[PDB]
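Take a look at the structure set out below.
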Amino acid sequence: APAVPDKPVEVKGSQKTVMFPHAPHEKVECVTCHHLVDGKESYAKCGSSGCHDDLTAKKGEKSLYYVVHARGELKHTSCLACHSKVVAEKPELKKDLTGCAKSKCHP
Ligand code: HEC
Ligand code: HEC
Ligand code: HEC
Ligand code: HEC
């Protein structure tokens, strides 16, 4: 796989800007985040050709909002998903990882 960027990449969602650091995610299998596509390893931007590059839907596989939060049972493992289990480790962090605001996601 490509060389993991030691720098965080901005994820200009709908309006608010959120940057995700890889360092803090250098112990989590890529797949874990970079799910497979048609059983074909890929690493295209969250919003790559025929992917999640439409925040005008709000709900749908063509949305980068229902695959970012969705802390429910999804095909893969959403962010808020994992973070969910994490909170089960540092109950005193139920926000920094799962915070709508005043967090490391929504400052
Ligand atoms: C990282 C740990 C996040 C936490 C915690 C929360 N959100 Fe978030 N949010 C995140 C990203 C990376 C983005 C960019 C675009 C996307 O949808 O992934 C967002 C964006 C939003 C948006 C804008 C999208 C839209 O539908 O207009 C909203 C409204 C939003 N986030 C709300 C929200 C709430 C209510 C949260 C607490 C449950 C929350 N976010 C947590 C990443 C992260
Ligand atoms: C979630 C905890 C992740 C893990 C684990 C890894 N990466 Fe990642 N990567 C993540 C996000 C949220 C993004 C961009 C978000 C967006 O909306 O664009 C990325 C982006 C990359 C990129 C750039 C293009 C792309 O594939 O999106 C590369 C080259 C990349 N990531 C590499 C990479 C590798 C090699 C990983 C395993 C060692 C890896 N990432 C894990 C989130 C996450
Ligand atoms: C195009 C090559 C894609 C890119 C880039 C990413 N994903 Fe994706 N994802 C893609 C498809 C075609 C589908 C449909 C699922 C199916 O049943 O075939 C998905 C699905 C997801 C899901 C599950 C859907 C849900 O219930 O919300 C999640 C959680 C998801 N994708 C996350 C995700 C993230 C975070 C990405 C960037 C880091 C990402 N995908 C890139 C195709 C593509
Ligand atoms: C488990 C499989 C995870 C998934 C999926 C995602 N993240 Fe995560 N995140 C995880 C851990 C264990 C931690 C703690 C940091 C550590 O030392 O391991 C985090 C932290 C973050 C942070 C804060 C970074 C910090 O300095 O504490 C952010 C902003 C964050 N995570 C964002 C994020 C996004 C946007 C994800 C989906 C694209 C995502 N995480 C997935 C574990 C996991």
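Letters A, B, ... mark the chains of the structure tokens in the order given; residue numbers begin at 1 per chain; ligand numbers begin at 1, in order shown.
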
Report task. Would you mind listing the residues within 10 Å of ligand 1, counting only C-alpha atoms and all ligand atoms, as a ChimeraX atom specification? Result -> /A:10-20,46,52,54-59,63-71,79-84,94-107

Would you save the residues of that selection, restricted to C-alpha atoms, as a PDB file, in the first residue's frame?
```
ATOM      1  CA  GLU A  10      -8.741  17.701   5.600  1.00  0.00           C
ATOM      2  CA  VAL A  11     -12.186  16.265   4.970  1.00  0.00           C
ATOM      3  CA  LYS A  12     -14.173  19.279   3.839  1.00  0.00           C
ATOM      4  CA  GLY A  13     -17.546  17.733   4.587  1.00  0.00           C
ATOM      5  CA  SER A  14     -20.684  19.787   4.077  1.00  0.00           C
ATOM      6  CA  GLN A  15     -19.706  23.038   5.750  1.00  0.00           C
ATOM      7  CA  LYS A  16     -17.597  22.396   8.827  1.00  0.00           C
ATOM      8  CA  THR A  17     -14.044  21.255   8.189  1.00  0.00           C
ATOM      9  CA  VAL A  18     -12.647  18.151   9.842  1.00  0.00           C
ATOM     10  CA  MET A  19      -9.114  16.827   9.540  1.00  0.00           C
ATOM     11  CA  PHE A  20      -8.217  13.208  10.189  1.00  0.00           C
ATOM     12  CA  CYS A  46     -13.492   9.086   0.377  1.00  0.00           C
ATOM     13  CA  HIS A  52     -18.973   8.987  -1.540  1.00  0.00           C
ATOM     14  CA  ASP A  54     -22.166  13.813  -2.752  1.00  0.00           C
ATOM     15  CA  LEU A  55     -23.180  15.571   0.442  1.00  0.00           C
ATOM     16  CA  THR A  56     -26.342  16.810  -1.230  1.00  0.00           C
ATOM     17  CA  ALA A  57     -28.177  13.570  -0.544  1.00  0.00           C
ATOM     18  CA  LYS A  58     -27.861  13.469   3.226  1.00  0.00           C
ATOM     19  CA  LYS A  59     -28.764   9.794   3.157  1.00  0.00           C
ATOM     20  CA  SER A  63     -23.231  10.373   0.944  1.00  0.00           C
ATOM     21  CA  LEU A  64     -20.180  11.109   3.058  1.00  0.00           C
ATOM     22  CA  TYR A  65     -22.265  11.587   6.191  1.00  0.00           C
ATOM     23  CA  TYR A  66     -23.975   8.231   6.694  1.00  0.00           C
ATOM     24  CA  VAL A  67     -20.611   6.509   6.373  1.00  0.00           C
ATOM     25  CA  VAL A  68     -18.765   8.923   8.629  1.00  0.00           C
ATOM     26  CA  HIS A  69     -20.988   8.838  11.721  1.00  0.00           C
ATOM     27  CA  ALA A  70     -23.540   6.037  11.467  1.00  0.00           C
ATOM     28  CA  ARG A  71     -22.629   4.380  14.745  1.00  0.00           C
ATOM     29  CA  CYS A  79     -15.723   6.051  12.543  1.00  0.00           C
ATOM     30  CA  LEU A  80     -18.253   6.715  15.279  1.00  0.00           C
ATOM     31  CA  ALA A  81     -18.502   2.940  15.193  1.00  0.00           C
ATOM     32  CA  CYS A  82     -14.992   2.036  16.286  1.00  0.00           C
ATOM     33  CA  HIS A  83     -14.767   5.141  18.479  1.00  0.00           C
ATOM     34  CA  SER A  84     -17.789   3.580  20.165  1.00  0.00           C
ATOM     35  CA  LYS A  94     -16.861  10.020  25.757  1.00  0.00           C
ATOM     36  CA  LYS A  95     -16.728  13.038  23.477  1.00  0.00           C
ATOM     37  CA  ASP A  96     -13.213  13.765  22.275  1.00  0.00           C
ATOM     38  CA  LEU A  97     -14.001  10.855  19.987  1.00  0.00           C
ATOM     39  CA  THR A  98     -17.776  11.072  20.184  1.00  0.00           C
ATOM     40  CA  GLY A  99     -18.425  14.791  20.449  1.00  0.00           C
ATOM     41  CA  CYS A 100     -20.670  16.781  18.140  1.00  0.00           C
ATOM     42  CA  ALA A 101     -18.784  19.873  19.240  1.00  0.00           C
ATOM     43  CA  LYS A 102     -15.822  20.919  21.351  1.00  0.00           C
ATOM     44  CA  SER A 103     -14.057  17.796  20.143  1.00  0.00           C
ATOM     45  CA  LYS A 104     -11.158  16.717  17.962  1.00  0.00           C
ATOM     46  CA  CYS A 105     -13.620  16.451  15.099  1.00  0.00           C
ATOM     47  CA  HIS A 106     -15.973  19.390  15.670  1.00  0.00           C
ATOM     48  CA  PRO A 107     -13.943  22.103  17.435  1.00  0.00           C
TER      49      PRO A 107
END
```

Query raised in the report: Mind listing the residues within 7 Å of ligand 3, only C-alpha atoms and all ligand atoms counted, as a list in words?
Result: residues 33, 34, 35, 37, 42, 43, 44, 45, 46, 47, 48, 49, 50, 51, 52, 61, 66, 67, 68, 70, 74, 75, 76, 77 and 78 of chain A

If you keep C-alpha atoms, can you produce a file of those selected residues as a PDB file, in the first residue's frame?
```
ATOM      1  CA  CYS A  33     -11.001   2.247   7.347  1.00  0.00           C
ATOM      2  CA  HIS A  34     -10.184   1.808   3.654  1.00  0.00           C
ATOM      3  CA  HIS A  35     -12.740  -0.977   3.099  1.00  0.00           C
ATOM      4  CA  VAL A  37     -14.168  -2.496  -3.198  1.00  0.00           C
ATOM      5  CA  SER A  42      -8.293   0.373  -3.318  1.00  0.00           C
ATOM      6  CA  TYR A  43      -7.347   3.646  -1.651  1.00  0.00           C
ATOM      7  CA  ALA A  44      -9.292   6.354  -3.459  1.00  0.00           C
ATOM      8  CA  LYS A  45     -10.368   9.535  -1.712  1.00  0.00           C
ATOM      9  CA  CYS A  46     -13.492   9.086   0.377  1.00  0.00           C
ATOM     10  CA  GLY A  47     -15.108  10.935  -2.503  1.00  0.00           C
ATOM     11  CA  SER A  48     -13.576   9.143  -5.464  1.00  0.00           C
ATOM     12  CA  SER A  49     -15.143   8.236  -8.788  1.00  0.00           C
ATOM     13  CA  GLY A  50     -18.272   6.237  -8.057  1.00  0.00           C
ATOM     14  CA  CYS A  51     -17.867   6.623  -4.313  1.00  0.00           C
ATOM     15  CA  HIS A  52     -18.973   8.987  -1.540  1.00  0.00           C
ATOM     16  CA  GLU A  61     -24.357   5.271  -0.275  1.00  0.00           C
ATOM     17  CA  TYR A  66     -23.975   8.231   6.694  1.00  0.00           C
ATOM     18  CA  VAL A  67     -20.611   6.509   6.373  1.00  0.00           C
ATOM     19  CA  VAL A  68     -18.765   8.923   8.629  1.00  0.00           C
ATOM     20  CA  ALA A  70     -23.540   6.037  11.467  1.00  0.00           C
ATOM     21  CA  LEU A  74     -23.037  -0.819   8.705  1.00  0.00           C
ATOM     22  CA  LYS A  75     -21.424  -2.876   5.967  1.00  0.00           C
ATOM     23  CA  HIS A  76     -18.008  -1.974   7.324  1.00  0.00           C
ATOM     24  CA  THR A  77     -16.947  -0.090  10.432  1.00  0.00           C
ATOM     25  CA  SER A  78     -17.837   3.585  10.600  1.00  0.00           C
TER      26      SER A  78
END
```

Query raised in the report: Using the chain letters and numbers from this document, which residues of chain A does DSSP assign to strand (DSSP E or B), as a PyMOL selection string?
Result: chain A and resi 9-10+19-20+37+40

Go ahead and write the residues just picked, C-alpha atoms, as an mmCIF file, in the first residue's frame.
```cif
data_model
loop_
_atom_site.group_PDB
_atom_site.id
_atom_site.type_symbol
_atom_site.label_atom_id
_atom_site.label_comp_id
_atom_site.auth_asym_id
_atom_site.auth_seq_id
_atom_site.Cartn_x
_atom_site.Cartn_y
_atom_site.Cartn_z
ATOM 1 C CA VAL A 9 -5.877 15.228 5.534
ATOM 2 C CA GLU A 10 -8.741 17.701 5.600
ATOM 3 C CA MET A 19 -9.114 16.827 9.540
ATOM 4 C CA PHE A 20 -8.217 13.208 10.189
ATOM 5 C CA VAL A 37 -14.168 -2.496 -3.198
ATOM 6 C CA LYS A 40 -10.240 -5.169 -5.118
#
```

Query raised in the report: So which residues touch residue 21 of chain A within 8 Å, counting only C-alpha atoms, skipping near sequence neighbours fewer than 6 positions away, as a PyMOL selection string?
Result: chain A and resi 6-9

Would you mind exporting the chosen residues as a PDB file, in the first residue's frame, restricted to N, CA and C atoms?
```pdb
ATOM      1  N   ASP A   6       2.166  11.039   7.239  1.00  0.00           N
ATOM      2  CA  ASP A   6       2.294  11.393   8.642  1.00  0.00           C
ATOM      3  C   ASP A   6       1.508  12.677   8.913  1.00  0.00           C
ATOM      4  N   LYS A   7       0.913  13.204   7.852  1.00  0.00           N
ATOM      5  CA  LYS A   7       0.132  14.425   7.961  1.00  0.00           C
ATOM      6  C   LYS A   7      -1.354  14.087   7.826  1.00  0.00           C
ATOM      7  N   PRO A   8      -2.178  14.873   8.523  1.00  0.00           N
ATOM      8  CA  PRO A   8      -3.618  14.735   8.540  1.00  0.00           C
ATOM      9  C   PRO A   8      -4.203  15.348   7.275  1.00  0.00           C
ATOM     10  N   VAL A   9      -5.244  14.725   6.741  1.00  0.00           N
ATOM     11  CA  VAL A   9      -5.877  15.228   5.534  1.00  0.00           C
ATOM     12  C   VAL A   9      -7.239  15.827   5.888  1.00  0.00           C
TER      13      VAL A   9
END
```

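With only C-alpha atoms and all ligand atoms as the atoms that count, the residue of A:38, A:91, A:60, A:85 with the shortest distance to ligand 4 is A:85.
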
**Report entry** For atom CA of residue 88 of chain A and atom 29 (C, counted along the ligand's line) of ligand 2, the interatomic separation in Å (one decimal)
**Finding:** 29.2 Å
